[PDB]
Structures are given as C-alpha cells and as structure tokens.
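Presented as structure tokens, the chain that follows is alone, the form deposited in one PDB entry.
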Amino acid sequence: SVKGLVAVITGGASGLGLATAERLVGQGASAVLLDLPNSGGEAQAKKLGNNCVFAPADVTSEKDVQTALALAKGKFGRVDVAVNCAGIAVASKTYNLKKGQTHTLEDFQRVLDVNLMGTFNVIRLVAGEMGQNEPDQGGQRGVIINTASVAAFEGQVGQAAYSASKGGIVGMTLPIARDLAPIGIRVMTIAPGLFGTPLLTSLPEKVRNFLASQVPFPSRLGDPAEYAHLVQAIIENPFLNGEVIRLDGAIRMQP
C-alpha cells in the first residue's frame, strides 16, 4: 500500500503528474508537487489537502531541485518515491526542402535540457536523498519512475528533438538502475502513447481527434488516471526494475 509514502512529482501541477498526485494522495500518501513558479502548482496543492505541498522549481536547475527536495524533507521527513513528469514538446522537421527551413539548434537544445537533463538532474539529487533512508525489510530505500514516450521508439515526422530526449530517458533507465541497485533504489520508466492532458491542447481538434482514432483498443486518448494507476502498480511491485513499459492502447505511431 502507498499509505504514508512520500512522493516528489515533477510536473505535478498539471496533466499526468497532477493525476498521479491525486491518486496517491487519495490513497493516504503525501505529495510534493515540483513545478515551475508560473504553473498553478500552489492552487493544485491547496486543492489536494494537507498531505500535499507545492515546491516551485525548474528541473534544469541544481539549486531549485535542492530547494524543493529540502522542502520535501522538511515537511514530510523523507522521500520514498520520485516521479519525473516535467516535460515539454515541439514539432519541427529536421529539414524542410520545399520551405528551405532548418530545425533550429536551440529548439533541439531546449527540449533536451528540460526532458532529459532535467529528469536526470532530479534523479541524481533525489537518489542522494533516498540514500539516507533505512532500507525496508526487502532492502529497499526508494523508487524512481520516469516518463518517456512511444516517440522514443516510433518518433513521427517533426519529432526528432522530442524523440532524442525521450530516447535518452529510455537508454539511461537500465544503467541508473544498475548504479543504484546496491543501495536498493528501483528505477522504472513509463512510455505513454497519447493522453488527454493540456500538453495536447496546442493542436487542431481535427489533429487530436485523428490521433485519437488511431489507438487500436480502447480507441481513445488515454486517461491520465490510467497513467497514475500504472505508477502505483510500479511503486507497489518490488520486482519491477530497470524496465520501460508502453502505456498506449497498442498504438504504433506512423510517420
């Protein structure tokens, strides 16, 4: 049971991170919403109750994550679980001949920084915090869960930067599990397909709906609560480690 656990959730003010916070808190765990100052994390934490607090932070900054982790320790005593949900998307072709347009370097760099470097920043710092926990009866001190994407495996036209960042997450999952194995911290990754969150609000309704119609079964966007459910499953199951799990209705993305 997740009752009593302390979880730090990046991107916790919105979409999949928020849904995760809701479910876990609803089960008696405590949540720390690590999100940008501009988000509505403060209001979300206020709605989720006394077992939920907001820690304003940018995941690409060492100092910010240190501050939020210190806050989490200070309020809830320890960190049992970390969920990397902070992330951003861009659509931009590598090169467009007809338009004579080139993907910009900084668009590639900014996506890499938040999604990949930002996730690793939280991982390396939170691992030091989980290192201080006494191992439970099973030898465990903590659980770390990251968010990749099926774009790591079937990136679509326009998805080079996103794919690189999420492929980086997939690739570093096993080595980081190996690193932390002697101190009993599990490391797992979820690769969502298409989910109904504000991430997708930026696209034409005909665009979303089309995408939606491609999921083999069930034929719809995933529900953020379904992501949350898989997070809990992973937290609960002591033998799940070093793996990436597709959560995507069996879709395979076309160009």
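Each residue number is its position in the shown sequence, starting from 1. Definition used throughout: the rigid core is the maximal C-alpha set that superposes within 1.5 Å between two forms. Only residues modelled in both forms are compared.
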Test of understanding: from the entry's C-alpha B-factors, which stretch has the higher mean, 197-205 or 37-45? 197-205
Which is higher on average in the deposited entry, the C-alpha temperature factors of 139-147 or of 69-77? 69-77
Entry record, C-alpha B-factors for 155, 171, 87, 128; the maximum is at 128
Quick one: classify residue 179 as lowest, middle or highest third of the chain based on its Cα B-factor. lowest
Using the B-factors in the PDB entry, rank residue 61's C-alpha atom against the chain and give the third, lowest, middle or highest. middle
Quick one: classify residue 8 as lowest, middle or highest third of the chain based on its Cα B-factor. middle
Within-chain third of residue 210 by Cα B-factor, per the entry: highest
Against its chain's modelled residues, does residue 188's Cα B factor rank lowest, middle or highest third? lowest
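Not pictured, yet referred to below: the form deposited in another entry.
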If you fit the rigid core between the shown form and the other one, which of 159, 121, 147, 173 ends up with a C-alpha shift of 2 Å or more? 159
Yes/no, residue 196 Cα shift of 2 Å or more between the shown form and the other one with rigid core fixed: yes
Do residue 166 and residue 79 move together or apart in the other entry, judged by C-alpha distance changing 3 Å or more? farther
Closer or farther: C-alpha pair residue 152/residue 83 in the other entry, relative to this form, given a change of 3 Å or more: farther
Taking the rigid core as reference, consecutive runs of 3 or more residues that move 2 angstroms or more in Cα between the shown form and the other one: 108-111, 149-166, 192-201
